[PDB]
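Below, chains carry the letters A, B, ... as their sequence lines are ordered, and counting in each starts from 1.
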Protein chains: 4
Amino acid sequence: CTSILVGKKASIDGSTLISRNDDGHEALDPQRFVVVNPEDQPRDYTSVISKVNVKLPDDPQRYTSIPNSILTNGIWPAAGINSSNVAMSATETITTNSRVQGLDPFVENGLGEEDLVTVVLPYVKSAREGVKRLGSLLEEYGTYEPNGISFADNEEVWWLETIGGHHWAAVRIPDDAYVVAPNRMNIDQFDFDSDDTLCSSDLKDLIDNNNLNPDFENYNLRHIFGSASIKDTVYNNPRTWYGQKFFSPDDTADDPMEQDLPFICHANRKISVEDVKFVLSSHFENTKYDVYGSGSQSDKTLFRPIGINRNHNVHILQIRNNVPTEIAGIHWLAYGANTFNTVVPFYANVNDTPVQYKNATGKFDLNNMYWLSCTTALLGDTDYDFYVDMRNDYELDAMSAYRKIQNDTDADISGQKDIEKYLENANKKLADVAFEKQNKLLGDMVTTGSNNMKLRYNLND
Amino acid sequence: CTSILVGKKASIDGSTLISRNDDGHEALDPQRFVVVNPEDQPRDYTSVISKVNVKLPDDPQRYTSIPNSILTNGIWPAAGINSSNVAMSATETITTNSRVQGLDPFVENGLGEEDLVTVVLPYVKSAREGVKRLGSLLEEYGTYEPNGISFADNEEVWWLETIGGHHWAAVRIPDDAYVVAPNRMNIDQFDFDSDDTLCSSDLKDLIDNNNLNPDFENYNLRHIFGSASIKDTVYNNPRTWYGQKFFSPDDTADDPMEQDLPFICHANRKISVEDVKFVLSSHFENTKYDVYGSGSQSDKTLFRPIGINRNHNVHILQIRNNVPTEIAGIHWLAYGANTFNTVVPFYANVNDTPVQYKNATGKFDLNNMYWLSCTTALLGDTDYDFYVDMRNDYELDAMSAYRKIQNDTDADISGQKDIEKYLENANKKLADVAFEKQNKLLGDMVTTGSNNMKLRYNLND
Amino acid sequence: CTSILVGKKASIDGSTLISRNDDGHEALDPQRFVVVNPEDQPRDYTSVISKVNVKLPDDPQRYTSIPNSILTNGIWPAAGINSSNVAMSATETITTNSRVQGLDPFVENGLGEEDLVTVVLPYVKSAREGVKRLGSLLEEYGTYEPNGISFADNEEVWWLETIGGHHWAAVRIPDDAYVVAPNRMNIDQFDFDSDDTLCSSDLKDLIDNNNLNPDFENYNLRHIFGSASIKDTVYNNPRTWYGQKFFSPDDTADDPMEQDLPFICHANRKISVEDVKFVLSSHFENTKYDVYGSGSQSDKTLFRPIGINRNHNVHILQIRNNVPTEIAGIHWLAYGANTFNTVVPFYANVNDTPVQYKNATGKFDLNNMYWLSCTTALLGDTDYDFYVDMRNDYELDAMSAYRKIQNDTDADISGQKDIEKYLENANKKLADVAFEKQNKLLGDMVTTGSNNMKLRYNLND
Amino acid sequence: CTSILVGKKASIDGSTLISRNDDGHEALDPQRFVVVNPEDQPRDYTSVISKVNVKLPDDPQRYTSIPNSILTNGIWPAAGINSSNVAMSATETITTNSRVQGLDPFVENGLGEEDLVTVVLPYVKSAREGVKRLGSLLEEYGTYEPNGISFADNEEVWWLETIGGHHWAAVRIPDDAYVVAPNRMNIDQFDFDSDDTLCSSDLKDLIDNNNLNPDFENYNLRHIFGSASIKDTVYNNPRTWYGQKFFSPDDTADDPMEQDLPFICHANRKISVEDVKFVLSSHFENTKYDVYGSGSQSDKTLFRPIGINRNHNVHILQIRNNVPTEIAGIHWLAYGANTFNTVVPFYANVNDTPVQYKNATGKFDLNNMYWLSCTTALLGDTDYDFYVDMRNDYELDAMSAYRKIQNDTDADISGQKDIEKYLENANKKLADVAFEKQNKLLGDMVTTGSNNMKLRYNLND
């Protein structure tokens with residue numbers, strides 16, 4: 001996974017943004033877009049992977065989610081927005097080290113990414129409450145994974161990282177800041193006296209009493225609890241670097257392998273949803289590390305890209321401030337490798353979701369946006385430079401259409417007697433056009449690509 | 001397309017210059033040089049592509065133009081000078097973004113490049129009037145394209161960019177400045193209250209009220225309304241860079257991909273017509289990005305060149321100040337890929353145009369300068385280093401001959417009873433010499449090239 | 001061609017030097033060394049190429065010259081020294097531009113390089129007079145070429161450049177300066193009011209009244225009247241650069257393509273005849289642009305070298321100051337590609353020339369120094385690194401022998417009753433030694449080279 | 001040849017050192033180590049090459065020498081130490097130029113390297129006397145070669161360079177300085193009136209009166225009398241550079257081709273015999289110019305190395321100051337390419353020399369150190385990286401053994417009644433162990449090398 005967080009003064013429109021590429025082990029694994037209404041939310045939750053049992057409150061809020069179609073390994077809801085307009089994305093797998101694992105080992109029957117959104121998001125009314133509830137659950141039940149989790153509301157953005165079996169720490173992203181986070185523990189300098197941080201009450205004592213701190217002064221959590229490995233230099237750091245080079249070019253050097261890139265950053269401009277999707281779809285464009293570029297075979301394959309074949313979904317959760325609360329929550333969503341898709345700005349304030357995004361199964365179905373988007377990206381991958389101009393045209397055309405629908409829908413919100421049905425209609429329009437444009441793109445690729453097949457022989461007359 | 005604009009204090013002779021390569025999608029599409037006399041100008045205009053219907057004033061001025069020979073997609077007049085010595089070239093296709101398109105979408109039955117010179121140029125008596133008339137027409141009829149348009153008279157040079165379906169902005173190029181503009185929105189820092197700017201009356205409100213401004217301070221129009229994409233770094237920015245490196249070498253860095261190259265520039269010397277044609281014919285000479293050069297296959301093909309196979313016409317519209325107004329307007333013109341042609345200084349103050357430039361059809365005819373020039377450049381392309389010395393000789397020889405004719409014609413203008421007849425004779429001499437020299441060049445290329453054919457076997461004795 | 005000029009305080013011996021490689025279009029064209037006595041000089045001169053007819057004074061001075069053996073295209077005397085010890089070399093083909101050619105076109109029945117030494121040198125008694133006479137002749141008869149011409153006497157060195165059909169400018173080279181000049185207009189910053197300059201009486205008015213000056217301040221003649229083309233960057237500028245790097249290493253940058261290298265330079269040491277011949281024989285040694293070096297095929301062939309297959313003759317005209325006037329004038333001379341020859345210091349104060357240097361015809365004859373020198377350089381070209389050590393040995397040995405003869409001849413000049421016969425005998429000794437050493441070199445090359453033929457098979461025992 | 005000189009305050013042990021690689025034209029030419037006792041020194045000397053006849057004093061001193069085994073071209077004694085503990089090495093072939101050769105040509109029946117040690121060394125009692133005697137002989141007999149000669153005693157080190165047929169100059173190396181000298185004239189800035197210089201009484205007048213000085217200020221002898229050729233940049237300067245980079249790394253730039261490297265240098269540490277042998281055995285290790293290294297074929301063969309196949313002998317003549325005069329003179333000696341040999345510290349105060357170093361003939365004999373050393377170096381050359389570890393082990397082991405014998409012999413010197421017999425015994429021990437270790441090295445190379453022959457096929461079991 002790759003995550004990007006944006007505070008409310010750092011965005012172009014004064015919204016908060018939290019985002020993540022939900023990457024899996026296998027390239028394809030069908031995803032669904034689903035609203036969990038309170039009556040369908042469990043009160044007695046048991047996980048599939050760890051068999052952890054968690055009793056949940058009897059007053060869950062409605063929330064959007066992105067569950068797996070195939071439930072063999074559990075729900076894997078990934079991310080969503082609840083009816084209090086709180087957003088959560090879980091998780092970004094991060095790193096750990098043997099010194100802390102020796103003190104607080106993973107808990108085999110603890111919580112995992114399979115579970116976190118389901119057991120936290122419906123029960124909180126702010127990003128800070130989300131942080132605190134997750135922290136409480138880690139302390140009580142433990143975890144078997146090293147994870148990073150984002151929370152947001154219309155005011156604040158938070159990042160929580162889990163530490164060993166039971167510990168955790170969290171930082172409030174400054175209003176004017178952004179973060180790019182790869183699969184590596186991210187939190188750096190950490191002030192135990194700040195109102196903008198939260199952590200296990202015993203975290204400082206854990207560090208101080210067990211010789212965990214490698215630094216001569218102060219506390220840097222990823223120095224203490226995380227990694228700075230050779231694998232980090234190719235799997236993780238270059239993704240952080242590319243994102244920071246894009247947003248903060250004058251503050252970022254030219255070494256993608258750098259182990260001490262800042263966590264919290266300040267961009268040279270305000271950030272759009274389009275900007276976030278670009279970075280989340282990137283593959284080191286205009287460097288020798290671009291697998292689609294001009295570099296040597298070894299340079300082209302040295303770094304893990306951000307856009308990747310195993311992007312299962314990408315979500316950008318936006319809590320807006322320039323609108324009434326009933327339309328503040330936007331669950332931007334796309335499926336498959338991010339090179340040939342577009343995120344669609346779904347209104348979260350709905351009781352159901354559009355069929356092309358809801359109904360993927362394990363059966364290949366090109367009427368569904370998961371399978372259609374994956375198919376498009378695979379074809380594109382076979383000759384990127386050949387298809388990229390159609391891709392670029394489609395991105396502009398599709399995003400323009402989505403924003404027109406959003407702007408029209410926003411403009412007529414006042415006086416609507418049935419808000420959820422009004423917004424379900426808008427989401428249906430968005431999904432309909434998203435499918436039409438995705439399908440037209442693939443059609444154009446197939447038509448032009450067929451002209452350039454190896455299996456050809458034309459008379460040039 | 002690529003456009004170059006030069007203010008009256010920036011030129012070597014105190015003229016204003018506006019220029020453009022009129023590039024198409026297909027490599028070849030025959031062009032004509034045509035004077036539209038008032039009786040030939042429509043009053044009830046309907047476009048072919050969009051079916052926009054525009055009622056026009058009953059007092060059109062005579063103007064030069066470069067219409068397509070084949071009218072399947074409409075007239076496509078490209079550029080010309082009217083009898084008030086106002087010059088106009090439309091268009092440079094530029095860029096846009098999804099945020100502004102979502103607010104002011106393209107108008108499918110609006111105006112386009114097919115139409116603009118025809119509906120603007122005959123009805124204005126200054127460059128500034130051209131800007132205001134085009135702005136008004138965009139508001140009334142809308143547009144379905146993102147375009148840049150140049151205007152000039154003997155005093156001022158203006159650049160207008162269209163924004164969404166109805167909006168626009170324009171900048172007066174300072175007298176001592178030049179601009180190089182590729183297929184990307186160009187206007188940068190923009191002062192709404194400046195004497196040097198014009199725009200939609202609601203443009204500032206559009207920006208402020210809809211969170212369009214990505215910058216913490218001030219207004220940069222292409223930041224707001226344009227693009228800074230990966231495709232821009234290879235398709236657009238290097239053309240700007242190469243031109244600026246030529247004119248302002250000490251003010252320009254060494255990164256062709258730079259997204260924030262200045263719009264308005266100041267050269268280290270005064271600019272000649274020869275200079276403008278050089279840049280408009282260029283292909284990154286003396287860099288690794290020259291397709292005819294020594295670079296790797298990938299470097300040689302990375303950037304879109306300025307001179308290119310699909311140059312249909314190139315025009316440099318010059319309004320001179322060192323002469324009587326009856327000879328001030330010069331419509332410099334050439335056809336086909338700019339590597340093997342020369343611009344000819346046709347006097348615009350005429351009622352008809354020379355046969356070798358006027359009469360191209362869809363039938364291949366090497367007595368016509370469109371077909372002859374294209375044929376020459378295609379042959380030249382097959383072995384550029386072999387043919388370039390003949391090319392260079394021809395350029396000097398031809399331009400010298402044109403300037404001798406211009407100088408002689410200018411010198412004898414006083415007392416001429418029929419100016420249009422006098423200048424038509426001068427244009428006939430110009431076209432006759434242009435054809436003879438183009439033909440001699442192709443002949444020399446064929447003669448020398450035939451000696452170097454693959455299909456040869458010589459006894460070396 | 002390439003020319004090198006050296007003022008009297010810039011040379012190692014206090015002489016003035018003007019020099020040129022007389023390069024042709026064809027690789028080989030036999031040259032002769034000939035003294036034109038007054039009785040053999042035409043009074044009614046008609047050229048072959050242009051059919052210009054020039055009545056000449058009835059009191060011509062004796063002069064040395066280097067006429068073509070084959071007179072199909074006229075005499076082409078190239079360079080010489082007259083009996084007033086005035087030296088002249090004509091010409092260095094330079095460049096022009098279409099703006100000045102449009103105002104003052106070439107004159108087809110004018111003077112050319114075929115003619116200039118013949119019609120100027122016999123009639124002047126100083127370098128300054130030479131400049132003024134040529135200037136006058138250009139005004140009277142015009143010219144059909146863009147040319148640079150050098151003049152010298154024992155005090156001054158001048159460089160004249162022709163501009164259009166009739167105009168010209170000339171600069172006196174400072175005593176302590178040198179110039180390296182390729183096939184490009186050279187004169188830069190120009191002070192009309194200086195005693196060190198001469199020009200067309202109307203030159204400033206021509207510039208001022210016709211908008212010819214591209215610069216904001218001052219007058220740079222090659223900016224105004226010359227070229228700064230892409231072809232200049234590979235054909236011309238690197239030759240200037242290499243020469244300046246050799247003489248002025250600390251004042252010269254590392255860009256051979258530089259368009260604004262200075263005209264007038266100051267070396268870090270005094271300049272020898274050996275130095276001048278080295279530069280005139282050079283091929284970018286110790287750079288990637290050396291065709292005999294280690295660079296890529298494209299780099300090795302990118303630049304026109306100074307030593308080249310079509311060096312027909314090389315002459316270094318020296319007017320000495322450390323001796324009586326009767327031995328002051330030295331016409332240093334060699335033939336063929338400069339890589340495998342040596343310049344021989346012929347006394348100019350003679351009535352006839354040595355047979356091995358005088359008698360070339362169109363019939364191949366290896367007893368003649370033109371054909372012998374060409375043959376040597378061609379063989380050397382086939383494996384330069386294999387033959388270069390013998391070449392280097394030969395250069396030192398031959399130049400040492402020439403200087404011994406010169407030193408001996410100079411030392412015994414006092415009391416010689418018949419100076420011309422004394423010096424003709426010295427020249428015969430020089431030419432005889434030159435032939436013997438050239439022949440021994442070729443013999444050594446043939447003997448060693450034959451051992452390394454491809455057509456070989458040796459038993460290694 | 002390559003020569004290294006070290007003043008008495010620059011050495012690690014307070015000795016003076018003069019050294020040279022005696023390189024020939026053919027790779028192999030057998031050398032002998034011979035003491036010439038006074039009874040066998042000619043009084044009526046005639047050379048073989050030039051047939052010069054020199055009457056010599058009747059009181060020659062005993063001296064060591066390194067004559068050729070094959071006397072076809074004369075004795076070629078190379079270098080030695082006489083019984084006054086004066087050292088001399090002759091010669092380093094240097095360069096000249098045509099301007100000085102034109103004034104003072106080579107003398108065909110003069111003295112040469114064949115002769116110099118023989119006619120100078122036996123008759124002088126200080127280095128300064130050596131300089132003066134050689135100077136006198138050059139004036140009396142002339143020379144046919146350009147040569148550099150080193151002299152030393154326990155106080156001073158001198159370098160003499162011959163200039164033309166009769167002239168010469170010499171510089172005393174400062175006590176704290178060193179010199180590295182290749183086959184190029186070396187003496188730079190020169191003070192005629194200094195006690196540290198000697199020269200032809202007319203040298204300054206020769207320069208001043210014949211315009212030989214190329215510099216604006218002062219006198220640099222190699223500027224005046226030497227070369228700065230293209231061949232110098234590859235044959236000579238890189239050897240100087242590599243030595244200066246080794247001894248003076250912080251004072252030496254990174255351009256091996258530099259023409260104005262200093263003559264006199266100051267190292268950053270005191271210099272050992274081991275250091276001198278390293279530089280004299282070098283082949284640009286750890287640069288791309290190392291023929292045994294990783295550079296391109298052209299880079300690997302661009303420069304002449306210091307260690308080379310045609311090293312016939314290497315000698316380091318040491319006059320020590322930390323011991324009684326009876327053991328001050330050490331004639332360090334090795335044979336063959338310096339990559340696979342070691343210098344052995346023979347005491348010079350002997351009447352005869354060890355058989356393994358004395359008795360080489362034209363017949364191949366592996367019991368002799370000339371033929372054994374050459375054989376070792378040839379085998380090593382066939383796979384340097386394969387054999388270099390054995391080479392390195394052998395160098396340390398052998399030099400350690402020599403030093404132990406030297407230290408023991410030095411320590412027991414007092415009271416030895418027959419000094420020559422005592423030191424001949426020491427030299428015998430040295431030669432015996434040198435042979436045993438050279439032979440063991442070759443044996444180890446043959447044993448390991450045979451396992452890695454191309455002509456092999458092993459079962460890997």
Side-chain angles (χ1 to χ4, degrees), chain A residues 12-13 17 19 21 31 33 272-282 307 311 313-316 318 330-347 353-357 366-380 384 387-410 425-448, chain B residues 95-108 144-146 164-165 212 225-232:
Chain A
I12 195 170
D13 56 4
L17 305 169
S19 66
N21 289 337
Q31 303 291 299
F33 182 39
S272 69
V273 168
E274 285 83 0
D275 292 334
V276 173
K277 177 56 165 57
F278 168 72
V279 177
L280 290 180
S281 309
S282 64
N311 296 147
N313 69 74
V314 53
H315 49 270
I316 301 169
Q318 178 178 39
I330 309 297
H331 188 141
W332 296 81
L333 184 67
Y335 294 143
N338 285 344
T339 41
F340 282 79
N341 62 21
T342 46
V343 284
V344 177
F346 293 118
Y347 292 95
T353 51
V355 293
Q356 307 96 325
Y357 283 80
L366 290 159
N367 296 294
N368 168 268
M369 276 298 284
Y370 181 81
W371 296 115
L372 186 64
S373 295
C374 292
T375 298
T376 307
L378 169 63
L379 183 59
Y384 181 84
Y387 295 116
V388 67
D389 299 323
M390 281 175 277
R391 193 284 305 270
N392 292 336
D393 293 343
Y394 149 85
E395 284 181 308
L396 172 60
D397 182 64
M399 293 298 282
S400 295
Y402 306 152
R403 287 200 174 278
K404 174 57 171 168
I405 290 165
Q406 180 177 80
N407 292 333
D408 286 347
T409 299
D410 290 352
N425 180 69
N427 283 353
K428 174 175 159 36
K429 290 197 290 190
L430 285 169
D432 288 352
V433 65
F435 181 87
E436 289 302 316
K437 295 202 178 289
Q438 187 78 39
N439 183 67
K440 185 183 182 298
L441 169 63
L442 180 56
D444 289 342
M445 291 168 64
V446 169
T447 300
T448 62
Chain B
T95 54
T96 186
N97 65 60
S98 48
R99 291 169 300 285
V100 59
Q101 290 293 325
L103 290 168
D104 181 15
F106 287 135
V107 178
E108 286 308 292
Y144 56 93
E145 297 167 339
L212 294 184
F225 293 124
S227 63
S229 66
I230 295 301
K231 199 71 188 192
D232 285 330

Got a donor-acceptor contact below 3.5 angstrom from the B/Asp104 side chain to the B/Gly165 backbone? yes
Rounded to the nearest 0.5 Å, how far does [atom2] of [Y] lie from [atom1] of [X]?
| X | Y | atom1 | atom2 | answer |
| --- | --- | --- | --- | --- |
| A/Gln356 | A/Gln438 | CD | CD | 12.0 Å |
| A/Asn313 | A/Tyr335 | CG | OH | 7.0 Å |
| A/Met390 | A/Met445 | CE | CE | 6.5 Å |
| A/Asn338 | A/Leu280 | CG | CG | 6.5 Å |
| A/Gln31 | A/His315 | CD | NE2 | 10.5 Å |
| B/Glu145 | B/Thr96 | CD | OG1 | 12.5 Å |

Apply the test side chain to side chain contact (heavy atoms under 4.5 Å, CB included) to residues A/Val343 and A/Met399: give CA-CA distance (whole Å), side-chain angles for both, the deciding distance (0.1 Å), then the verdict. CA-CA 8 Å; A/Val343 284; A/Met399 293 298 282; 4.3 Å; yes
Which heavy-atom pair separates [X] from [Y] by the least distance, and what is that distance?
| X | Y | value |
| --- | --- | --- |
| A/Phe435 | A/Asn367 | CE1-O, 3.4 Å |
| A/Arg391 | A/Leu441 | N-CD1, 4.1 Å |
| A/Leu430 | A/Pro345 | CD1-O, 3.3 Å |
| B/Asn97 | B/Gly226 | ND2-O, 3.0 Å |
| B/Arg99 | A/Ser272 | NH1-OG, 3.8 Å |
| A/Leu396 | B/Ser98 | CD1-N, 3.6 Å |

Less than 4.5 Å apart, any side-chain heavy atom of [X] and any of [Y]?
| X | Y | value |
| --- | --- | --- |
| B/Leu212 | B/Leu103 | yes |
| A/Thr448 | A/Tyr387 | yes |
| A/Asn21 | A/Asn311 | yes |
| A/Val273 | A/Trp332 | yes |
| A/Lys429 | A/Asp408 | no |
| A/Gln318 | A/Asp13 | yes |

Is the closest side-chain donor-acceptor distance between [X] and [Y] under 3.5 Å?
| X | Y | result |
| --- | --- | --- |
| A/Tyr347 | A/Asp410 | yes |
| A/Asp397 | A/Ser400 | no |
| A/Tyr402 | A/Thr342 | yes |
| B/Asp232 | B/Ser229 | yes |

Side chain to side chain contact (heavy atoms under 4.5 Å, CB included) for A/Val314 and A/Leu333? Distances and angles first, verdict last. CA-CA 6 Å; A/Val314 53; A/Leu333 184 67; over 6 Å; no
Apply side chain to side chain contact (heavy atoms under 4.5 Å, CB included) to residues A/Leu372 and A/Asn368 and explain how you reach the verdict. CA-CA 6 Å; A/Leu372 186 64; A/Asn368 168 268; over 6 Å; no
Tell me, with the steps shown, if A/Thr375 and A/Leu442 meet side chain to side chain contact (heavy atoms under 4.5 Å, CB included). CA-CA 8 Å; A/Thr375 298; A/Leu442 180 56; 4.1 Å; yes
Is the shortest distance from a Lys or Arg side-chain nitrogen in A/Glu395 or A/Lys437 to a carboxylate oxygen in the other one below 4.0 Å?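 The answer is no: the pair does not qualify as a salt bridge.
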Contacts of A/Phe346 meeting ring pair (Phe, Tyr, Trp, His ring centres under 6.0 Å) (sequence neighbours excluded), chain-then-number -> A/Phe33, A/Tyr357
